[PDB]
Structure formats: structure tokens, C-alpha cells
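>
Chains as they are written, first to last, in our numbering: chain E, 5 to 59; chain R, 5 to 59.
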């Protein structure tokens, strides 16, 4: 399983890679599957590599 | 000379590092300074390394 929202950040600080995002695909803490069946995100990694939300 | 936002993208494909954002700092297209001098971002890089706005 994945880490919880407050804590989560990229394996390496300041560097976000495809793994940092793909680990989160399908995990409904971090997004949802839209009308068409397409993953959409509820946040993103910031310059630091910290995960932030949209709102 | 940063590219414009539709064309912009990460220096190394499949990877985003601070330097990719560092180049944008003080490019008013991509963020702005508040009155105390903090820089706010108007968007972020996505998994493909493309700029996207906080819509």
C-alpha cells in the first residue's frame, strides 16, 4: 500500500519521476476515475516534491 | 528565456527537478510575488512534465 496525504512526498526530495505518480494511480485518496474511465487527480507534487491538494 | 506555457516542459523527459521550476521564478506568466515578496505559483508540472494551471 501507499502513504497517507499529510506525509506523502517523492522518493527523492526536489525530484519527481514517473514512479512517484504511478504509485498513486488507482488509489482513491489521490484521484478518481472520471465519467469516461480516465484517472483524474486531486492534487500534485510541488517544487519540493511534497504532495499538495487542489481545492 | 523560458518558453511559453503551452510549449513549456521538463528538462529531462519523465523527470521534474527543482531547476525546472527555478528557471520560472519571477517569470510573471508562471507565478507572482505578493506584497511581502513570496512567490506564488499559478500551476505545476504534470506526470509528462507539461505545465498545467491550477484551473
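Cβ coordinates follow ideal geometry from the N, Cα and C atoms, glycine included.
Do you know whose CA, among 58(E), 6(E), 10(E), lies nearest residue 25(E)'s CA?
Nearest of 58(E), 6(E), 10(E) to residue 25(E), Cα basis: 6(E).
> Exposed or buried, residue 36(R), counting other C-beta atoms within 10 Å across all chains shown (16 or more means buried)?
Residue 36(R) comes out exposed.
> Using a beta-carbon distance below 9 Å, is residue 18(R) in contact with chain E?
It does: the Cβ of residue 18(R) has a partner Cβ on chain E nearer than 9 Å.
> Spell out the partners DSSP gives residue 21(E) in its beta bridges.
According to DSSP, residue 21(E) bridges with 19(R).
> Using a Cβ-Cβ cutoff of less than 8 Å, which residues in the same chain neighbour residue 31(R) once the five nearest sequence positions on both sides are dropped?
The residues are 6.
> Would you call residue 53(E) buried or exposed, if buried means 16 or more other Cβ atoms sit within 10 Å of its Cβ?
Residue 53(E) should be labelled buried.
> Just how far apart, CA to CA, sit residue 28(E) and residue 20(E)?
Cα to Cα, the separation comes out at about 13 Å.
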